[PDB]
Amino acid sequence: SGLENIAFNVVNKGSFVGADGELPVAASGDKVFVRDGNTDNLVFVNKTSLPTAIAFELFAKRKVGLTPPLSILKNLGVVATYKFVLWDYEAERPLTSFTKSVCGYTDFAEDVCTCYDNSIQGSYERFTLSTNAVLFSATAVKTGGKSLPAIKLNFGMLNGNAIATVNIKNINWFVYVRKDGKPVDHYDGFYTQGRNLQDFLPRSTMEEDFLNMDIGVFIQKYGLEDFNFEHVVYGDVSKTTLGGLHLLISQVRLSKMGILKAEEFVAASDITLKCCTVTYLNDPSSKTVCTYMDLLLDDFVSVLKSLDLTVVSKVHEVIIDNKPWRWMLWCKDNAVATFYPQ
Amino acid sequence: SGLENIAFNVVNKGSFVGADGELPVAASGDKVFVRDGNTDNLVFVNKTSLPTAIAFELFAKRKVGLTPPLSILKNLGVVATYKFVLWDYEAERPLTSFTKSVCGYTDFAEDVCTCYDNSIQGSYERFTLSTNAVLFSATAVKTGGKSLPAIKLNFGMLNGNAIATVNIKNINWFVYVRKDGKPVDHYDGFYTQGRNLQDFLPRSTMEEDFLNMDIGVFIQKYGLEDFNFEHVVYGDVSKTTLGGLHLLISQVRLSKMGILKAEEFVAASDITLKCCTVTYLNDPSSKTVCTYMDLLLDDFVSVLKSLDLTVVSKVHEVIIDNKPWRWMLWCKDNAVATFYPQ
Amino acid sequence: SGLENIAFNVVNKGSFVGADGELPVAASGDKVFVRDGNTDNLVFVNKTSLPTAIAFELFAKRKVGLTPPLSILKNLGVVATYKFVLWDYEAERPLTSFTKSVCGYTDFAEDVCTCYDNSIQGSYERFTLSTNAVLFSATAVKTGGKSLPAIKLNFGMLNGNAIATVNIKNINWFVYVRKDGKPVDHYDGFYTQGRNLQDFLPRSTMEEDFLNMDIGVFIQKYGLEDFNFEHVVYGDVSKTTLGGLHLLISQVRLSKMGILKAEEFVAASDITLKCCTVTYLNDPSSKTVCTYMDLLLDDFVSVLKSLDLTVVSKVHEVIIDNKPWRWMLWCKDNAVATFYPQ
Amino acid sequence: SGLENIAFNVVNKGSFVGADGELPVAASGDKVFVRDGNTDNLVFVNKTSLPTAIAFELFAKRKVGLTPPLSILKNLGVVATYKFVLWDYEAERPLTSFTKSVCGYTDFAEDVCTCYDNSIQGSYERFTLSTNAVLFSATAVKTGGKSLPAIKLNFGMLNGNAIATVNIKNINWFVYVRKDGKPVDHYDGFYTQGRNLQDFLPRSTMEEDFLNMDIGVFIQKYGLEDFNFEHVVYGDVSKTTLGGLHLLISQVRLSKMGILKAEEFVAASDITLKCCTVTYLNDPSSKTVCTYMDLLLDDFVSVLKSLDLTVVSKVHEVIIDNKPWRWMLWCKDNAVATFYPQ
Amino acid sequence: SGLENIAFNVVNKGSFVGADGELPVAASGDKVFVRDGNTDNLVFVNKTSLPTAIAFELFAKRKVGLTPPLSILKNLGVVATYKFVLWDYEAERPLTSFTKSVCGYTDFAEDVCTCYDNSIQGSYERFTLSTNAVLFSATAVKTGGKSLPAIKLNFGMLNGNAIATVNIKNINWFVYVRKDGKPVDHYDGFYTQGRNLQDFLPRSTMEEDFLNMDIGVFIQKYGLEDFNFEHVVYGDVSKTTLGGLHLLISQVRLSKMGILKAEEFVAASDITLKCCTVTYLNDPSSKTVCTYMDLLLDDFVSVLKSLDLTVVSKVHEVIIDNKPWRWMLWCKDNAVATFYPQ
């Protein structure tokens, strides 16, 4: 019921909930203001390529609180969301430029891979009829008494903050794909965790141990002697060009030791393969193009312990967030020399 | 009911009429667009200091078709309009920055000189109760069987075009003032006509005659020999500095003779005293600060024929659009030498 | 003496002090630049709805160093400041859109509730003549009686940073109201402290103890057993929906235990009742609409210890920053169940 | 004395004249507004790449009224103007991005080819000392009866309008060059007239005759039979590709016959060689790249009657506005076939 | 090869490296977006006074990784960089508005003081021929074993992060000046270190000691009793006006003790003399205009121990970053009272 009503919701409920009320609002350049008697309050700054009042609407209509991770949805070719929007809080930007039944300006009429939120009346039915589509759900989906083959997540986001099953608290997402007119049989692979350098929290004993233990002690405990962990995960800050360092957790640990900067090529929370320029001040070291992923450390190790250490170079395909990724492996004398994506 | 509904009205009815329907719209910088399937149509360009979507709303809510002239309303200290807006089509801009019960963003809560349109349910009643306010009406206003003292206009505007009573067609506006808590007794003076150089049409036989006749013939016919009409109204293009030329109609006539440019200091259709830089190409002449008014030529003459030609210099006060204006008169040998405003 | 002079002051003294000198300046979009020979330095970014050069001037003319808290001024209906501006450093914005004798573009000629700074020549006189106005000063007004009912503040701001009387350092503001033509008799209630989550420093032994002590120990020491402090102030992070948490200090303590995000609905330092979306990562918990105020913990307690624990539900009115606020109280078996604003 | 004072001058005197007074002004995007109590009036729209308040200042400080033609000044490599600005009314833009002693933001400290206005105290002295510089003056500059020789113009501009010596009215400019540390000996060539298609007026009997006479009659009278005037100047509208048409006056004549559009490649009034896409509706014909110059028809003809009609192709150099221009000449059987610039 | 190719490089390599590939890009306001199928990703936000696509190009063409400190280059009057740009990461802005052979829009044709990067083919040759120019190099420039003498730096920047020779890691820059047509003989003075308050790391045992030791212990160890170190460097937070505090390291130490804010007057990383408004919350104290420099503590001390403590006031000239700086010295009874720049 108009921008004045949406402003009322955003100011009083932090998002559009369908509350009654109006505030005077005007977009002006990339800013949204609300007239508060004798003062104009800034309530929104547009970092999208959309018109400001539009970006503001979509932000107000984002799914608030508990949300599914973004990169998987992006990876499944999601083009538009149905009756909600998913906000990338890191890039400041909806998941895509397109919606369905959200906003006239951005609505995308053509049949296309659409993402449905099971918590919303009728989205399941529209999803099942589709040739290509994705469904997510706080719970599983069935027909029979027995269910539907599924992507099962034991972590998620909360108002754009990374959260995990953790005192005993269950964080679950069920994500379903239909493609070329039929359910996808099965879902392989690992899932990126969606954490960031500043707010990183460990989600496994092995991760706890990586951050807390001495190097030799951690390597011994988990039997990693043939994987050049000191290079590949710990990072080698001994030359001016910083070696390896290819997980998020690598940065986390090293920044406990000293001052570490990581400058992301393109700010985003809906991407699997990440990349930054990384600088370590204390023992001056940097790597201009530092690829990395936030893989659960257990999963990464599990990948290492399935590699052939006898070849000199192979390219291995790892399935992460539902997509094959090319990881280069250099070996030497039955130990890993380097292991990196691309 | 939201910008999408207002866009629907503007695109299909040229203004907001309360039609049902929605078009996707977004302001972007100083432009308004409507999404037309695969194309964005530009429907509005903002030349106001207001936020673009706001300026667009107020424009959509302007009084359309037959309107009262603007400069009188401005001159009566009008601060806000009640339940409509008056659009200055020349400046591209509402009459003031303020409304009442039109638009949250621009609404002005405090009691102030408000302008009411009698065609709108309830505006008369609110007007009568006010300490300061203005009312306009297609017809007169009474209590008794006998009426209300009034500003009576026999001309007006039509979608921002100047129109006059003229085959037999009546153009009337009745404008009423209440000030310091009571009706204004009486209304003196003349009214500017609101025409422009390009679209000027004569409204009297004398005006017809000014444009059509020879100079000597026109002067003789109307007995203007002691008023330096050749200088004051016809304009003297014989030196590089163009003399006199102090009515709109002066420009109109001279531009029939040759190429005349008139560059307004500040574009506006709600101002009484006008001013431009005027250039005549054929017999190169110009006047940097050329004051002028669009007075009915009869009224101007009537003012001349009430001046004392015996003084060397007096400043005369003329009442135009309800305001005293200072007109300088230099006389010499019982004829006018110069007569100009300021 | 023009924008060039104001730029000179801002660049060399961080504000307009009346220093002589000039620097080439241009606003461009929402930015202000200074030509430094071969380089344009960005000196200001406009987050207000005012034109950029104008927002820049008012920022340059803000009261620098020691300043009174803002929300009380806003609460006393202050519309404009006389010969200075109060900068909200959090919103990046003058206190209101209007000044008096500061800047032409923003000056507000009409008689209205004006705020005067006693340190400025003549402000007290103008204040005393006013029908509605507020006065603030480092010292209190005296006259045998003698003082003049003033909301004696023992804390303040300092370049937008919260500071308190604290080694022995006095921070005082005296704030006077005239309303409907006469001094306000008396001033009741408590005052918000204006601290933020990141910079929070305790101001009382009780506050020191809330941050440092165990829960049971703190509750016992202050006899809070019947006030559900574990829910109302400590916060309950045990479900996905985070319970209670209704003071700034609540967030402060919880962020010492783990990673706590607090996303303000509208950034401002001139508002009394605050509100955010709050997320706790370590034991995943969040509250979408989390009302809170930064009350002195002693005062809040004092409020608790004046409630009737025998009713099931009452709405209590508490006076904070000179305004009645509705606080909801659910009781159960003579102990507080919930106590929150609205 | 500040933008407020400059706004006062522009609104009341149409330019900066040094009048006392202030109006609240604010640039906002590419627009400048003045607060007129309850209304923001648009007084300037920026079409320059300068910041808006700056472009507004330079416009206010332009030379008003009688001005020298622009393209010659541009051709003499003028980089900055001393204590004034020259406004290109067509492109809406100062002659260059640079001034000296006009505006801090655009001032150009380095010694460079500067243009001086003899009407301005001290400009002649600074000009004479310079290594490279241009001087213009409405009076010849002297020496001892005799003179530093000059570019002598018998035409000029008036508030951006083309004007000529013409009842008996003298329009003169005297333009002087110093280059590589010494007066320029002498000045050859012709000068473009600076007219436009809409406001074109003839400046010679030959020009009068070209517009008014029949083609054969005009050609015979002036003995033009061997110059393909019907193609080169009249233009050939007989095919879909419109032939020749290489003078302003060519367009002028043709637009008297029917509807002619001429879309300039780059709007400017400071350029000698012009170019447009030209379309004739009545007998559908167009030329995408139509080069032309506004040469005095007598001068153009004078150039024709100094060509060798015996060669098949030569490139001739013509001096126009103090610069050599390459004109291509195709001849056939001792008559011109084509004659065009480039 | 076009903005699309530059976007490809920035998104995939974090800068322009000459990689092949294209991404659709568009600047819009002060933002640059890349079309990623169904989504527009924000890749750059313009904080410069240049047009956005241009600022974006210069950023992509910055020197990446190991770079020379900026303020010295600025101090040597550098106007343009040859075939690279130096990015000020703090102000978000090239070092100047000008380049040579980088970008057409910002290229500066005229001979002027140019900076050359020895790592770039042909820059040394162009540098040597120049009348005024600067050259930097990670290797000393030679002559016959010996050398054109240089500004020798044992510290530098790394992707905008301050770094020093430091396990054993050499950070060197060699900076050479030519002026008035000939090598500069010799280079006196000290060099600012380019650190910031947040990322400050000590570069000397004395610096280590200043941060870690007690005040008396530090002063005694280094024999500083006659230099009012407690005021001049430690700072005096005991009054509401915070005394002395004239080094970066002063802030660093104090912010270890409690909450210290330092608001820079103009954000920059290319300036020697710094200045801010500094506020200490815990013991409320602030200094509006707080001048400071990040000098190696050893160098500052070295300057102190070369002062005459017998005068009451002298102004001392100190050479820092190749420039004389006026430092005021007040003495009293053969001990320093105050010592500050300006």
Side-chain angles (χ1 to χ4, degrees), chain A residues 69 71-72 151-157 161-173 187-237 242-258 260 262 272-274 278 290-309 316 318-321 325 327 329 331 334-341, chain C residues 258-259 281-284:
Chain A
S71 64
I72 345 179
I151 316 193
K152 246 158 290 170
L153 264 19
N154 72 154
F155 63 90
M157 309 289 295
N161 307 276
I163 50 144
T165 287
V166 99
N167 184 66
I168 343 99
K169 205 160 260 181
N170 275 145
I171 311 298
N172 300 326
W173 287 105
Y187 302 103
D188 297 325
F190 310 100
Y191 308 98
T192 55
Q193 301 293 298
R195 294 175 292 196
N196 68 78
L197 178 47
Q198 298 66 48
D199 298 324
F200 190 92
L201 290 171
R203 296 177 169 188
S204 85
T205 309
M206 185 202 298
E207 288 194 337
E208 266 164 312
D209 284 335
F210 177 74
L211 297 166
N212 290 187
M213 294 178 175
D214 249 55
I215 298 196
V217 186
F218 173 85
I219 288 173
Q220 178 186 84
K221 168 165 186 177
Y222 292 100
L224 308 162
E225 287 88 357
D226 306 327
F227 316 144
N228 192 352
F229 236 65
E230 304 100 311
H231 171 95
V232 170
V233 178
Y234 281 106
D236 177 19
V237 100
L242 163 51
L245 202 76
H246 292 237
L247 304 163
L248 213 211
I249 202 171
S250 313
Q251 303 176 23
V252 175
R253 194 186 185 273
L254 184 50
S255 74
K256 282 170 38 153
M257 313 276 295
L260 177 77
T272 290
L273 176 64
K274 308 208 81 107
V278 60
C290 181
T291 56
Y292 73 98
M293 286 172 47
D294 179 21
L295 292 163
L296 188 52
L297 194 50
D298 308 58
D299 298 348
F300 182 68
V301 160
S302 157
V303 161
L304 289 172
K305 307 211 272 216
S306 82
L307 269 23
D308 191 19
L309 305 159
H316 283 3
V318 200
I319 309 296
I320 303 132
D321 298 336
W325 298 88
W327 286 71
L329 172 51
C331 286
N334 287 35
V336 357
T338 29
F339 191 51
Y340 58 115
Chain C
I259 300 175
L281 280 60
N282 314 68
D283 192 348

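Reminder, nothing fancy here: chain letters follow the sequence lines and each chain counts from 1.
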Student: Would A:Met213 and A:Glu208 count as a side-chain contact (heavy atoms from CB on, under 4.5 Å) here? Give the steps.
Tutor: CA-CA 8 Å; A:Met213 294 178 175; A:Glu208 266 164 312; over 6 Å; no

Student: State, yes or no, whether a side-chain contact exists between A:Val278 and A:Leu260 at a heavy-atom distance under 4.5 Å.
Tutor: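 Yes - at least one pair of side-chain heavy atoms lies under 4.5 Å apart.
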
Student: Within this structure, what is the NE2-CG distance for the pair A:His246 and A:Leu295, rounded to the nearest 0.5 Å?
Tutor: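 So the NE2 of A:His246 and the CG of A:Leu295 are separated by 12.5 Å.
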
Student: So which atom in A:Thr192 and which in A:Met293 form the shortest heavy-atom distance, rounded to 0.1 Å?
Tutor: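 Closest approach of A:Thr192 to A:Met293, heavy atoms only: CG2-CE, 3.7 Å.
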
Student: Taking all non-hydrogen atoms of both residues into account, name the closest pair between A:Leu245 and A:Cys290 and its distance.
Tutor: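 Scanning both residues, the minimum pair turns out to be O-SG, 3.4 Å.
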
Student: How close do A:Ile219 and A:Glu230 get, heavy atom to heavy atom, and via which atoms?
Tutor: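 In terms of heavy atoms, the two residues are closest at CD1-CD, 3.6 Å.
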
Student: What's the separation between atom CZ in A:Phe339 and atom NE2 in A:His231, rounded to the nearest 0.5 Å?
Tutor: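 A:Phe339 CZ to A:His231 NE2: 12.0 Å, rounded to 0.5 Å.
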
Student: Can you see which heavy atom on A:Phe200 is nearest to which on A:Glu207, and at what distance?
Tutor: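 In terms of heavy atoms, the two residues are closest at CZ-OE1, 4.0 Å.
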
Student: So, C:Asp283 and A:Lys169, do they make that salt bridge, N to O below 4.0 Å?
Tutor: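 Salt bridge present between C:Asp283 and A:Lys169.
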
Student: For a quick test of reading the model, state the closest non-hydrogen atom pair linking A:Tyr222 to A:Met206 and the distance between them.
Tutor: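 Reported closest heavy-atom pair: OH-CA, 3.3 Å.
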
Student: Any donor-acceptor pair under 3.5 Å linking the side chain of C:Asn282 with the backbone of C:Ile259?
Tutor: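 Yes; judged by distance alone, with no hydrogens or angles, the pair exists.
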
Student: Atom CD1 of A:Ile215 and atom CZ of A:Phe210: how far apart are they, to the nearest 0.5 Å?
Tutor: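 The CD1 atom of A:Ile215 sits 7.5 Å away from the CZ atom of A:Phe210.
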
Student: Hey, which of A:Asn212, A:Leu211, A:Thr205 is the one that makes side-chain contact (heavy atoms from CB on, under 4.5 Å) with A:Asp209?
Tutor: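 Only one option passes, and that is A:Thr205.
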
Student: To the nearest 0.5 Å, how far apart are CG in A:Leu201 and CG in C:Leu281?
Tutor: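 Those atoms lie 6.0 Å apart.
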
Student: Can you tell me how far apart CG (A:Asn161) and CG (A:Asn196) are? Round to the nearest 0.5 Å.
Tutor: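 One finds 8.0 Å between CG of A:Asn161 and CG of A:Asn196.
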
Student: Find out whether A:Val301 and A:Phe229 are in side-chain contact, i.e. whether some heavy atom of one side chain is under 4.5 Å from a heavy atom of the other.
Tutor: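 In contact.
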
Student: Looking only at atom types and distance, does a side-chain atom of A:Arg253 sit under 3.5 Å from a main-chain N or O of A:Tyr234, one as donor and one as acceptor?
Tutor: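 Absent.
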
Student: Which atoms form the tightest heavy-atom contact between A:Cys331 and A:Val336, and what is the distance?
Tutor: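 Result for this residue pair: SG-CA, 4.2 Å.
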
Student: Going by heavy atoms in the side chains, are A:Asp294 and A:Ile249 under 4.5 Å from each other?
Tutor: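 No; the side chains remain at least 4.5 Å from each other.
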
Student: Keeping the roles fixed (side chain from A:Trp325, backbone from A:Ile320), state whether a donor-acceptor pair exists under 3.5 Å.
Tutor: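 Yes; at least one donor-acceptor contact below 3.5 Å.
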
Student: Judged by modelled atom types alone, do A:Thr165 and A:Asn154 share a side-chain donor-acceptor pair under 3.5 Å?
Tutor: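 No, A:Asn154 and A:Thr165 have no side-chain donor paired with an acceptor closer than 3.5 Å.
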
Student: Can you check side-chain contact (heavy atoms from CB on, under 4.5 Å) on A:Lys152 and A:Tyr187, steps first, answer last?
Tutor: CA-CA 9 Å; A:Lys152 246 158 290 170; A:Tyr187 302 103; over 6 Å; no

Student: Centre-to-centre under 6.0 Å for A:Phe190 and A:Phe300, is that the case here?
Tutor: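 Not close enough - the centres of the two rings lie 6.0 Å or further apart.
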
Student: Are more than 12 heavy atoms from other residues, nucleotides or ligands located less than 6.0 Å from atom CE of A:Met257?
Tutor: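 Check fails, neighbour count at 12 or below.
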
Student: Any chance you could lay out the side-chain contact (heavy atoms from CB on, under 4.5 Å) test for A:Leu153 and A:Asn172, step after step, and finish with the verdict?
Tutor: CA-CA 5 Å; A:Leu153 264 19; A:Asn172 300 326; over 6 Å; no

Student: Is any side-chain heavy atom of A:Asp321 closer than 4.5 Å to a side-chain heavy atom of A:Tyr191?
Tutor: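 Result yes, sub-4.5 Å side-chain heavy-atom pair found.
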
Student: Is any side-chain heavy atom of A:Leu224 less than 4.5 Å from a side-chain heavy atom of A:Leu304?
Tutor: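 With C-beta onward as the side chain, the pair stays apart.
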
Student: Quick one: CZ on A:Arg195 to CE on A:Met157, what's the gap to the nearest 0.5 Å?
Tutor: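 Here the interatomic distance stands at 11.0 Å.
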
